[PDB]
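Student: My questions all concern the structure below.
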Amino acid sequence: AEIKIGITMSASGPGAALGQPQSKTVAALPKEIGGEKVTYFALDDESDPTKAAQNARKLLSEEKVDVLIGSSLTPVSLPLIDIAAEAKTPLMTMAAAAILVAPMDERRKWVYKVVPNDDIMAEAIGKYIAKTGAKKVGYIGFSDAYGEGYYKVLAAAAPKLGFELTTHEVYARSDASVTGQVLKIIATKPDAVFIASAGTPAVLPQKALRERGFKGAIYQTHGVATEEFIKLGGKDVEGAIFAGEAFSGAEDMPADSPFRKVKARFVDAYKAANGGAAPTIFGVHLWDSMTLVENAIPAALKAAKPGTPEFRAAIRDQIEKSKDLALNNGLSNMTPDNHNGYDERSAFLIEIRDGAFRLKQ
Ligand SMILES: O=C(O)C(=O)Cc1ccccc1
């Protein structure tokens, strides 16, 4: 039969600013790959791990999809690892935490990940923060594996880089207030504050810090790299800096940059499918995942027919061989033990300047 791709995304819930762009990207994906028809099955998981697991089981057991893609967020994606592995179906996760694919194990052998691992980003932003002369850095982040991935790496790096983390405050994504946490951070009198958050929930702690009088540097993560964050945040997020993807800095690169080229492809296709509307970065996590899948399909078709475990296993084998590939997410080199594919060369420092994401250095 035709090739079938299943996708679960957080199109509603606190992940909406990530999942909605992904949902709108589906219509831009190719109807034929390697001379074979392709059908997409996309489901909203509502930013809920239980619903994502239900979606995956439905796509795997009922549609027998050849590849599963999702989810948008780390906590939502975690349970999909075991589900995809048990089904011997490759999973292209669209979330960010390193734990989604590293260290390698017998289940993560089935998982690939186009967003650069957060530990790479945390090391990069930590080095930058140190170079500014900051010695005391406050911290607030999500009380989940995404936030904690930033905290643990920054906390380990701190003494080696010459600063100290003054707090370890957390919040849940939908929380109405972080006032208690922010007051605690402010009371430590830090030079700067790090926020580990994603989507529109990332605005709250930054606005709260500014409203409570904090005037120092505020650092965020690539979870904020959507123009929706700039729009909601306004003057309060001006000057935010984070380590992120080539996509976000593409306009401040040479004309022949491969990153401009791969971005143009995506933007043009997205606009054509969405009435001329421009995408935010999160849609590109679906797009780049499909780049890996599309590249693997011709060899897989030589091995087996779609809808068979052999075809899925062939896709898994082929993606692992991907080398020297410019994605919107960076320069990707897969290996048997690294299903992310990036090193520090793909960590770009991005700043919000005059209401736009800009390549900072
Ligand atoms: O919120 C999460 O759990 C994430 O994994 C956030 C994220 C996802 C994709 C790119 C950057 C951040």
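We label chains A, B, ... in the order they appear in the structure tokens, count residues from 1 in each chain, and number ligands from 1 in the order shown.
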If you run DSSP on this backbone, which residues of region 6-212 of chain A come out as alpha helix (DSSP H), and could you give them as a PyMOL selection string?
Tutor: chain A and resi 16-25+49-61+74-86+118-131+145-161+179-187+203-211
Student: Kindly work out which residues sit at most 6 Å from ligand 1, using only C-alpha atoms and all ligand atoms, and give the list as a list in words.
Tutor: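 Result of the 6 Å neighbour search around ligand 1: residues 72, 73, 74, 75, 94, 95, 96, 97, 115, 146, 198, 222 and 223 of chain A.
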Student: Which residues of region 75-96 of chain A sit at most 8 Å from region 312-331 of chain A, using only C-alpha atoms? Give each one's shortest atom pair and distance in Å (one decimal place), in chain and ascending residue order, as a Markdown table.
Tutor:
```
| residue | atom | partner | partner_atom | distance |
| --- | --- | --- | --- | --- |
| A:88 | CA | A:313 | CA | 7.0 |
| A:89 | CA | A:312 | CA | 5.6 |
| A:90 | CA | A:316 | CA | 5.7 |
```
Student: Keeping only N, CA, C and O atoms, write the selected residues to a file as an mmCIF file, in the first residue's frame.
Tutor:
```
data_model
loop_
_atom_site.group_PDB
_atom_site.id
_atom_site.type_symbol
_atom_site.label_atom_id
_atom_site.label_comp_id
_atom_site.auth_asym_id
_atom_site.auth_seq_id
_atom_site.Cartn_x
_atom_site.Cartn_y
_atom_site.Cartn_z
ATOM 1 N N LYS A 88 8.499 -1.495 16.752
ATOM 2 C CA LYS A 88 9.570 -1.477 15.747
ATOM 3 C C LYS A 88 9.242 -0.495 14.622
ATOM 4 O O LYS A 88 9.270 -0.829 13.429
ATOM 5 N N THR A 89 8.939 0.734 15.033
ATOM 6 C CA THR A 89 8.590 1.805 14.120
ATOM 7 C C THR A 89 9.445 3.009 14.468
ATOM 8 O O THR A 89 9.515 3.400 15.626
ATOM 9 N N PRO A 90 10.119 3.598 13.476
ATOM 10 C CA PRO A 90 10.917 4.788 13.805
ATOM 11 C C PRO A 90 10.046 5.937 14.323
ATOM 12 O O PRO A 90 8.941 6.174 13.822
#
```
Student: Contacts of residue 291 (chain A) at 10 Å or less, counting only C-alpha atoms, minus same-chain residues fewer than 5 places along, as a PyMOL selection string?
Tutor: chain A and resi 29+114+285-286+296+325+327
Student: Just want the 12 Å neighbourhood of residue 18 (chain A), counted on only C-alpha atoms, with same-chain residues fewer than 3 positions away dropped. Output as a ChimeraX atom specification.
Tutor: /A:8-15,21-25,44,46-47,70-74,94-96,198-201,222-229,279-286
Student: Could the residues in this selection be saved with N, CA and C atoms as a short mmCIF file (atom, residue, chain, number, x, y, z; two decimals), in the first residue's frame?
Tutor:
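result.cif, written as the output of this step:
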```cif
data_model
loop_
_atom_site.label_atom_id
_atom_site.label_comp_id
_atom_site.auth_asym_id
_atom_site.auth_seq_id
_atom_site.Cartn_x
_atom_site.Cartn_y
_atom_site.Cartn_z
N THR A 8 1.69 13.05 15.94
CA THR A 8 0.96 13.59 17.09
C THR A 8 1.68 14.86 17.54
N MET A 9 0.91 15.93 17.76
CA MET A 9 1.51 17.23 18.08
C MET A 9 0.67 17.93 19.14
N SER A 10 1.29 18.85 19.88
CA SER A 10 0.58 19.57 20.92
C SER A 10 -0.05 20.83 20.34
N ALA A 11 -1.11 20.64 19.55
CA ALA A 11 -1.75 21.76 18.86
C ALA A 11 -2.64 22.59 19.79
N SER A 12 -2.95 22.04 20.96
CA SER A 12 -3.66 22.77 22.01
C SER A 12 -2.96 22.47 23.34
N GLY A 13 -3.37 23.16 24.40
CA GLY A 13 -2.67 23.06 25.67
C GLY A 13 -1.51 24.03 25.70
N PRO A 14 -0.67 23.96 26.74
CA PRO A 14 0.43 24.91 26.88
C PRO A 14 1.51 24.75 25.81
N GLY A 15 1.45 23.68 25.03
CA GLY A 15 2.40 23.51 23.94
C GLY A 15 1.90 24.09 22.62
N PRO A 21 1.95 25.46 14.76
CA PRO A 21 2.75 25.56 13.53
C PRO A 21 3.00 24.20 12.88
N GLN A 22 3.18 23.17 13.70
CA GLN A 22 3.38 21.82 13.16
C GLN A 22 2.13 21.33 12.45
N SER A 23 0.97 21.55 13.07
CA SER A 23 -0.30 21.17 12.46
C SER A 23 -0.47 21.83 11.08
N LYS A 24 -0.06 23.10 10.97
CA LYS A 24 -0.24 23.85 9.73
C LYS A 24 0.81 23.48 8.68
N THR A 25 1.86 22.80 9.11
CA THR A 25 2.90 22.36 8.20
C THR A 25 2.52 21.08 7.45
N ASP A 44 -4.03 15.76 17.40
CA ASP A 44 -3.67 16.67 18.48
C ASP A 44 -3.58 15.86 19.77
N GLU A 46 -3.01 17.55 22.71
CA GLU A 46 -3.42 18.50 23.75
C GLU A 46 -2.34 18.78 24.81
N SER A 47 -1.08 18.57 24.44
CA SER A 47 0.05 18.71 25.37
C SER A 47 -0.03 17.71 26.51
N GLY A 70 6.49 12.93 16.53
CA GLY A 70 5.92 13.63 17.68
C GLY A 70 6.62 13.29 18.98
N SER A 71 6.17 13.87 20.09
CA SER A 71 5.23 14.99 20.08
C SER A 71 6.02 16.30 20.05
N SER A 72 5.39 17.38 20.51
CA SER A 72 5.98 18.72 20.44
C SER A 72 6.80 19.05 21.68
N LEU A 73 6.49 18.38 22.79
CA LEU A 73 7.06 18.69 24.09
C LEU A 73 7.74 17.47 24.67
N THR A 74 8.72 17.70 25.52
CA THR A 74 9.47 16.61 26.14
C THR A 74 8.64 15.63 26.98
N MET A 94 9.75 15.67 17.96
CA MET A 94 9.92 17.09 17.65
C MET A 94 10.28 17.92 18.88
N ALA A 95 10.52 17.24 20.00
CA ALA A 95 10.86 17.91 21.26
C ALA A 95 12.38 18.02 21.48
N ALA A 96 12.80 18.62 22.60
CA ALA A 96 14.18 19.11 22.69
C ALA A 96 15.11 18.42 23.68
N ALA A 198 9.15 27.18 27.52
CA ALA A 198 8.88 27.03 26.09
C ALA A 198 7.48 27.51 25.78
N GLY A 199 7.29 28.05 24.59
CA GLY A 199 5.98 28.49 24.15
C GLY A 199 5.57 29.75 24.89
N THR A 200 4.30 30.08 24.79
CA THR A 200 3.80 31.30 25.42
C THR A 200 3.90 31.30 26.96
N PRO A 201 3.92 30.12 27.61
CA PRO A 201 4.17 30.17 29.07
C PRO A 201 5.51 30.81 29.47
N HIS A 222 15.71 28.03 23.42
CA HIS A 222 15.10 27.95 22.10
C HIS A 222 13.61 27.56 22.11
N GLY A 223 13.07 27.25 23.29
CA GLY A 223 11.64 27.09 23.42
C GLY A 223 10.87 28.38 23.18
N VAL A 224 11.56 29.52 23.18
CA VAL A 224 10.87 30.81 23.00
C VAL A 224 10.98 31.37 21.58
N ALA A 225 11.57 30.60 20.67
CA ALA A 225 11.98 31.12 19.37
C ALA A 225 10.83 31.32 18.38
N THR A 226 9.65 31.60 18.91
CA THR A 226 8.48 31.88 18.09
C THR A 226 8.11 33.36 18.18
N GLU A 227 7.70 33.95 17.07
CA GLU A 227 7.29 35.34 17.07
C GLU A 227 6.08 35.59 17.98
N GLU A 228 5.37 34.53 18.36
CA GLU A 228 4.26 34.67 19.30
C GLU A 228 4.76 35.12 20.66
N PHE A 229 5.97 34.66 21.01
CA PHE A 229 6.61 35.04 22.26
C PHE A 229 6.99 36.52 22.23
N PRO A 279 5.53 30.93 8.51
CA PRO A 279 5.63 30.01 9.64
C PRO A 279 6.51 30.53 10.77
N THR A 280 6.30 30.02 11.97
CA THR A 280 7.29 30.17 13.02
C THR A 280 8.15 28.90 13.05
N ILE A 281 9.23 28.95 13.82
CA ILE A 281 10.22 27.89 13.77
C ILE A 281 9.66 26.50 14.07
N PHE A 282 8.65 26.41 14.92
CA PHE A 282 8.27 25.08 15.39
C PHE A 282 7.76 24.16 14.29
N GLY A 283 7.19 24.75 13.24
CA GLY A 283 6.74 23.96 12.11
C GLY A 283 7.92 23.28 11.43
N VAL A 284 9.10 23.89 11.55
CA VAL A 284 10.26 23.36 10.84
C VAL A 284 10.76 22.09 11.50
N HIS A 285 10.34 21.85 12.74
CA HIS A 285 10.72 20.59 13.37
C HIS A 285 10.01 19.39 12.73
N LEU A 286 8.82 19.63 12.18
CA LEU A 286 8.14 18.60 11.38
C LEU A 286 8.80 18.51 10.01
#
```
Student: Can you list, as a list in words, every protein, DNA or RNA residue that comes within 12 Å of residue 160 (chain A) when you count only C-alpha atoms, leaving out same-chain residues fewer than 2 positions away?
Tutor: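 Neighbouring residues, sequence-local ones excluded: residues 123, 126, 127, 130, 135, 153, 154, 155, 156, 157, 158, 162, 163 and 164 of chain A.
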Student: Just to be explicit: take each residue in the selection above, keep C-alpha atoms, and write the result as a PDB file, in the first residue's frame.
Tutor:
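Contents of result-v2.pdb, freshly written:
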```pdb
ATOM      1  CA  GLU A 123      26.612  24.554  27.509  1.00  0.00           C
ATOM      2  CA  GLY A 126      26.389  29.004  29.913  1.00  0.00           C
ATOM      3  CA  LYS A 127      29.674  29.896  28.239  1.00  0.00           C
ATOM      4  CA  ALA A 130      30.125  33.534  31.924  1.00  0.00           C
ATOM      5  CA  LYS A 135      28.853  35.842  38.737  1.00  0.00           C
ATOM      6  CA  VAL A 153      23.677  21.110  32.854  1.00  0.00           C
ATOM      7  CA  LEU A 154      23.939  24.733  33.982  1.00  0.00           C
ATOM      8  CA  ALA A 155      24.414  23.620  37.581  1.00  0.00           C
ATOM      9  CA  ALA A 156      27.268  21.294  36.611  1.00  0.00           C
ATOM     10  CA  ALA A 157      28.831  23.884  34.319  1.00  0.00           C
ATOM     11  CA  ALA A 158      28.545  26.798  36.766  1.00  0.00           C
ATOM     12  CA  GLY A 162      32.959  30.891  37.201  1.00  0.00           C
ATOM     13  CA  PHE A 163      29.395  31.695  38.232  1.00  0.00           C
ATOM     14  CA  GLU A 164      26.895  30.286  40.708  1.00  0.00           C
TER      15      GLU A 164
END
```
Student: Between A:104, A:176, A:33, A:196, single out the one closest to residue 121 (chain A), counting only C-alpha atoms.
Tutor: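 For residue 121 (chain A), the nearest of the candidates is A:196.
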Student: Among region 81-300 of chain A, which ones does DSSP assign to strand (DSSP E) (computed from the backbone)? Answer as a ChimeraX atom specification.
Tutor: /A:91-93,111-113,136-142,164-165,169-171,192-196,217-219,241-244
Student: Okay, now the selection with N, CA, C and O atoms, as a short mmCIF file (atom, residue, chain, number, x, y, z; two decimals), in the first residue's frame?
Tutor:
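Here's the written file selection-v7.cif:
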```
data_model
loop_
_atom_site.label_atom_id
_atom_site.label_comp_id
_atom_site.auth_asym_id
_atom_site.auth_seq_id
_atom_site.Cartn_x
_atom_site.Cartn_y
_atom_site.Cartn_z
N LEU A 91 10.56 6.63 15.33
CA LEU A 91 9.91 7.80 15.90
C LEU A 91 10.77 9.02 15.67
O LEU A 91 11.93 9.05 16.10
N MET A 92 10.21 10.03 15.02
CA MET A 92 10.91 11.32 14.87
C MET A 92 10.31 12.25 15.88
O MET A 92 9.21 12.75 15.68
N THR A 93 11.00 12.47 16.99
CA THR A 93 10.42 13.35 18.00
C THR A 93 10.68 14.79 17.62
O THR A 93 11.69 15.09 16.99
N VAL A 111 14.57 5.95 17.73
CA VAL A 111 14.18 7.34 17.85
C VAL A 111 15.18 8.28 17.19
O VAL A 111 16.39 8.11 17.37
N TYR A 112 14.68 9.26 16.44
CA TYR A 112 15.54 10.31 15.87
C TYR A 112 15.02 11.67 16.29
O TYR A 112 13.85 11.80 16.68
N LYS A 113 15.87 12.69 16.21
CA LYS A 113 15.55 13.96 16.87
C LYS A 113 16.22 15.13 16.17
O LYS A 113 17.42 15.32 16.31
N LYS A 136 26.56 35.74 39.56
CA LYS A 136 25.40 35.16 40.24
C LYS A 136 24.24 35.11 39.27
O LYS A 136 23.82 36.13 38.73
N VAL A 137 23.70 33.91 39.04
CA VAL A 137 22.65 33.73 38.06
C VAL A 137 21.44 33.07 38.72
O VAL A 137 21.55 31.97 39.25
N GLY A 138 20.30 33.74 38.69
CA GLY A 138 19.07 33.14 39.17
C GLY A 138 18.52 32.11 38.20
O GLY A 138 18.88 32.10 37.01
N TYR A 139 17.63 31.24 38.69
CA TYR A 139 17.04 30.21 37.83
C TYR A 139 15.57 29.94 38.12
O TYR A 139 15.19 29.72 39.28
N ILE A 140 14.75 29.97 37.08
CA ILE A 140 13.40 29.42 37.14
C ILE A 140 13.14 28.60 35.88
O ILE A 140 13.53 28.99 34.79
N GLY A 141 12.51 27.44 36.03
CA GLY A 141 12.22 26.63 34.87
C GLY A 141 11.04 25.71 35.09
O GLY A 141 10.57 25.57 36.22
N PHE A 142 10.57 25.08 34.03
CA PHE A 142 9.47 24.12 34.15
C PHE A 142 9.85 22.99 35.09
O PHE A 142 11.00 22.52 35.09
N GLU A 164 27.70 31.18 39.88
CA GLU A 164 26.90 30.29 40.71
C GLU A 164 25.42 30.51 40.42
O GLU A 164 25.00 31.63 40.13
N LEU A 165 24.65 29.43 40.47
CA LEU A 165 23.20 29.52 40.37
C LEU A 165 22.66 29.83 41.75
O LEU A 165 22.99 29.13 42.71
N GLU A 169 14.20 27.53 41.23
CA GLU A 169 12.74 27.68 41.26
C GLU A 169 12.12 26.99 40.05
O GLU A 169 12.72 26.89 38.98
N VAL A 170 10.91 26.47 40.24
CA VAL A 170 10.22 25.80 39.15
C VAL A 170 8.77 26.25 39.09
O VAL A 170 8.23 26.78 40.07
N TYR A 171 8.16 26.07 37.93
CA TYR A 171 6.71 26.23 37.80
C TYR A 171 6.14 25.23 36.82
O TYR A 171 6.88 24.66 36.02
N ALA A 192 22.03 38.13 36.69
CA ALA A 192 21.22 37.73 35.55
C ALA A 192 20.29 36.63 36.00
O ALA A 192 20.50 36.04 37.06
N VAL A 193 19.26 36.35 35.21
CA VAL A 193 18.37 35.24 35.52
C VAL A 193 18.20 34.37 34.29
O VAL A 193 18.02 34.87 33.19
N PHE A 194 18.26 33.05 34.50
CA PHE A 194 18.00 32.10 33.44
C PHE A 194 16.60 31.53 33.59
O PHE A 194 16.20 31.15 34.69
N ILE A 195 15.86 31.50 32.48
CA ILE A 195 14.52 30.90 32.44
C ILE A 195 14.51 29.72 31.47
O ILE A 195 14.88 29.87 30.31
N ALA A 196 14.09 28.55 31.96
CA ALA A 196 14.01 27.36 31.13
C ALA A 196 12.54 27.03 30.90
O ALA A 196 11.90 26.36 31.72
N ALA A 217 20.30 41.15 33.00
CA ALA A 217 20.13 40.31 31.82
C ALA A 217 19.19 39.14 32.11
O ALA A 217 19.26 38.53 33.18
N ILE A 218 18.32 38.84 31.15
CA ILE A 218 17.48 37.64 31.24
C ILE A 218 17.77 36.74 30.06
O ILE A 218 17.80 37.17 28.91
N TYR A 219 18.04 35.48 30.35
CA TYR A 219 18.34 34.48 29.34
C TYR A 219 17.20 33.50 29.25
O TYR A 219 16.62 33.13 30.27
N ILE A 241 18.22 36.71 25.37
CA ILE A 241 19.21 35.95 24.61
C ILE A 241 19.04 34.45 24.91
O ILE A 241 18.77 34.05 26.05
N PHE A 242 19.20 33.62 23.88
CA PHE A 242 19.13 32.17 24.07
C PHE A 242 20.02 31.50 23.04
O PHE A 242 20.34 32.09 22.01
N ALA A 243 20.43 30.28 23.34
CA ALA A 243 21.11 29.45 22.35
C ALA A 243 20.06 28.70 21.54
O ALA A 243 19.19 28.01 22.10
N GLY A 244 20.13 28.84 20.22
CA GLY A 244 19.12 28.23 19.37
C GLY A 244 19.64 27.82 18.01
O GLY A 244 20.84 27.60 17.82
#
```
Student: A:103, A:341, A:30, A:19: which is nearest residue 3 (chain A), counting only C-alpha atoms?
Tutor: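 Going through A:103, A:341, A:30, A:19 one by one, the smallest distance to residue 3 (chain A) is for A:30.
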Student: Here is a test: counting only C-alpha atoms, which residue of A:351, A:178, A:277, A:32 is nearest to residue 239 (chain A)?
Tutor: A:351
Student: Calculated over only C-alpha atoms, which of the candidates A:240, A:27, A:42, A:352 has the smallest distance to residue 270 (chain A)?
Tutor: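 Closest candidate: A:27.
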Student: Point out the residue among A:79, A:336, A:249, A:205 with the least atom-to-atom distance to residue 359 (chain A), counting only C-alpha atoms.
Tutor: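 Ranking A:79, A:336, A:249, A:205 by distance to residue 359 (chain A), first place goes to A:249.
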Student: To one decimal in Å, tell me the separation between CA of residue 36 (chain A) and CA of residue 83 (chain A).
Tutor: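 So the answer is 26.5 Å.
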Student: Expressed in Å to a single decimal, how great is the separation between CA of residue 109 (chain A) and CA of residue 84 (chain A)?
Tutor: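 Answer for the CA of residue 109 (chain A) to CA of residue 84 (chain A) separation: 10.1 Å.
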Student: Using only C-alpha atoms, pick whichever of A:6, A:190, A:149, A:355 has the shortest atom-to-atom distance to residue 133 (chain A).
Tutor: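 Checking each of A:6, A:190, A:149, A:355 against residue 133 (chain A), counting only C-alpha atoms, the winner is A:190.
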Student: Near residue 61 (chain A), within 12 Å and counting only C-alpha atoms, which residues show up once chain neighbours fewer than 3 positions away are dropped, as a PyMOL selection string?
Tutor: chain A and resi 6+53-58+64-66+68+83-84+86-89+307
Student: What is the CA of residue 265 (chain A) to CA of residue 37 (chain A) distance in Å?
Tutor: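 Result for CA of residue 265 (chain A) versus CA of residue 37 (chain A): 21.0 Å, one decimal.
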Student: What's around residue 105 (chain A) at 12 Å? Count only C-alpha atoms, leave out sequence neighbours fewer than 5 positions away in its own chain, and write the answer as a PyMOL selection string.
Tutor: chain A and resi 81-82+85+99-100+110-111+336-339
Student: Any chance you can output those residues with C-alpha atoms as a PDB file, in the first residue's frame?
Tutor:
```
ATOM      1  CA  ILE A  81       9.890   6.087  23.012  1.00  0.00           C
ATOM      2  CA  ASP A  82       8.865   2.733  24.489  1.00  0.00           C
ATOM      3  CA  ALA A  85      10.358   0.740  20.054  1.00  0.00           C
ATOM      4  CA  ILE A  99      17.047  12.361  27.354  1.00  0.00           C
ATOM      5  CA  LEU A 100      14.737  11.734  24.387  1.00  0.00           C
ATOM      6  CA  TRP A 110      14.225   3.622  17.102  1.00  0.00           C
ATOM      7  CA  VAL A 111      14.177   7.344  17.847  1.00  0.00           C
ATOM      8  CA  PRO A 336      24.540   4.537  15.666  1.00  0.00           C
ATOM      9  CA  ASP A 337      25.017   6.189  19.090  1.00  0.00           C
ATOM     10  CA  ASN A 338      23.993   9.734  18.177  1.00  0.00           C
ATOM     11  CA  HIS A 339      20.439  10.029  16.843  1.00  0.00           C
TER      12      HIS A 339
END
```
